[PDB]
Every structure is written in structure tokens, then in C-alpha cells.
């Protein structure tokens, strides 16, 4: 299911890894690991294949942790969009899907737009929306 894919960060050479509803970190990329598989389930939501829960945040705030929530098409806290140059973040805000700062293991929302806020579909040079419907 192209439709499933791994979320990859070129600089760290690591992929997003869902550990639990309250924990989404990163790991060495393994396309056979269910916990690393994700898929768009709408124009703005990405669901973890392993947990059948959608990536989201408690609030649109800097350093908010990105974990998993029951998919809800009405919640703006789990809507994502592709910015420029593979920059990825919360829809309608300047907060990005980020990893690498402060030895923090969990994916975080960050105001910075450097190499750690940019993500591609593993195995390609395309942004995450290339596997979406939008």
C-alpha cells in the first residue's frame, strides 16, 4: 500500500519509529519493521500502521511532543502539510516535525527549519506528501 512508507531524515540517516501511543522516536531504518511504517489516511493525517493511531500533538506549541492519537478528521492537532524543500510541519503554523535537538528521543515540534525539520519518503528524494492524496 504505497501506500505504506517510512519517514526518513537524511542528516541523521534515521527513520521515525512508533513505540507506543505516547512515544514516537527514531531508529535505524528497517522497511520490515511495522513500527516504522506509516500511511496518509486523508489529505492531512498520517497514521501509524502498527498502532492504527494518527500522528499529532497536544497543542500547537514549540517543543510539543509529537505522538499518537485516535484519528479524528476534525482535530487540527493532527493535521500536517509539506512546506518547501521537504520541510514538514503542523498545518497552518510555523512549527515543524523535528528530531535531533537536546538529546531528546521523541519527535518534537520545533520552530527551527534546518536539516532536522526536513523529511523524505524513505527510498526516494521526495517529501512526505508524495505518498499522500494531496
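Positions refer to the first chain, counted from 1.
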Seminar exercise, completed: When mean C-alpha B-factors in the record are compared for 34 to 42 and 72 to 80, the larger belongs to 72 to 80
Seminar exercise, completed: Stretch with higher mean Cα temperature factor, 25 to 33 vs 96 to 104, is 96 to 104
Exercise. Based on the entry's values, in what third of the chain does the Cα temperature factor of residue 5 lie: lowest, middle or highest?
Worked result: middle
Problem set entry | Third of chain Cα B-factors occupied by residue 61 | highest
Problem set entry | Lowest, middle or highest third - CA B-factor, residue 126 | middle
Exercise. Taking the entry's C-alpha B-factors for this chain, is residue 120 in the lowest, middle or highest third?
Worked result: lowest
